[PDB]
Protein chains: 2
Amino acid sequence: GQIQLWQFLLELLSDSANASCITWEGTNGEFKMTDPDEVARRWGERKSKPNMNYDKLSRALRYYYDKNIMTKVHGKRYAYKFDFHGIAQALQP
Amino acid sequence: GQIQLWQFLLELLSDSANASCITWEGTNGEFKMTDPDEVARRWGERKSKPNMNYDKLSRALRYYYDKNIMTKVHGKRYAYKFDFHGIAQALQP
DNA sequence: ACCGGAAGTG
DNA sequence: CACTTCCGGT
DNA sequence: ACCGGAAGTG
DNA sequence: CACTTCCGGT
Ligand SMILES: [Ca+2]
Ligand SMILES: [Ca+2]
Ligand SMILES: [Ca+2]
Ligand SMILES: [Ca+2]
Ligand SMILES: [Ca+2]
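Caption draft 1: Focus on the nonpolar core. Core analysis: the largest hydrophobic core is formed by 54 residues, its most contacted members being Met33 and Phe82 of chain A together with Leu9, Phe31 and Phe82 of chain B. Setting aside residues up to four positions removed in sequence, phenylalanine 82 of chain A forms contacts with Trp6, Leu9, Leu10, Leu13, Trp24, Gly29, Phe31, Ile69, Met70 and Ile87 of chain A together with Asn28 and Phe84 of chain B.

Quick look at the structure:
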């Protein structure tokens, strides 16, 4: 199906075998990408789009700021925080 | 039908019209039930289980503590906090 | 009010 | 399993 | 590395 | 419609 980036990141985060590239860290919702290039590769793989990289992936995350789906952890790089306010709304059709 | 309780609460919390009975409040994840009995009634209405009350509903939420799907905001009553660790795993098939 | 054990449901 | 039902704890 | 405007895609 | 692509800012 037509999977979302916020759904894809939760998929990777749920399994601890992906700890090399992405992992939960800090308060509730906060996670960091320990290998942003690896995460961006797998997102391009799922979408059938091998031109994907972290610079293009991060602008995809940026649109979630206005949607209230997630936000940046200011200071700790490659680290973002999911926000239930928008996730809950995005979960419904 | 075929729905989880954690999914049902996020469904209600997405629509702000439901602020009479339940609403987001506090840090990321934290919500409270301003009319706990009204929430329990709609859960019984959804599940087709007419004897549902808060006492029965609260024990369903206590099973989520060991699952890491949510936790209790200690002190503030009728107030619980979703936890992304369990919500991530629970969303997958 | 909130907690978790115990037994039961399809 | 994911609750529902019930109850003796704090 | 992170920010958001802009134009384009399936 | 949710990104994808590109880029001139900080
Ligand atoms: Ca049992
Ligand atoms: Ca009692
Ligand atoms: Ca006891
Ligand atoms: Ca600009
Ligand atoms: Ca540049």
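Caption draft 2: Looking closely at the pattern of salt bridges. Residue and element names in this part refer to chain A. For the structure on display, the rule yields nine salt bridges over all chains. A salt bridge links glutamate 25 to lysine 32, with the shortest nitrogen-to-oxygen separation between them at 3.9 Å. Taking relative accessible area as the criterion, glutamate 25 reaches 42% and is therefore assigned partly exposed. Note on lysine 32: relative accessible area 27%, which makes it partly exposed. With its nearest N and O atoms 3.1 Å apart, the salt bridge here joins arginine 41 to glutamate 45. Of this pair, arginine 41 and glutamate 45 both sit in helix α2 (residues 36–47), four residues apart, roughly one helical turn. Within this structure, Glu38, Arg41, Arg42 and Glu45 form a network of salt bridges that share partners.

About the thresholds
Residues numbered from 1 in each chain as written, not as in the entry; some residues may be left out. Chains lettered and ligands numbered in written order. Heavy atoms only, no water. Core = buried A, V, L, I, M, F, W, Y, C linked by side-chain atoms within 4.5 Å. Buried < 20%, exposed > 50% of the residue type's maximum accessible area, 1.4 Å probe, protein only. Contact = heavy atoms within 4.5 Å. Salt bridge = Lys/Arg side-chain N within 4 Å of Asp/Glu carboxyl O. Helix = DSSP H or I, 4+ residues; strand = E, 2+ residues; numbered from the N terminus.

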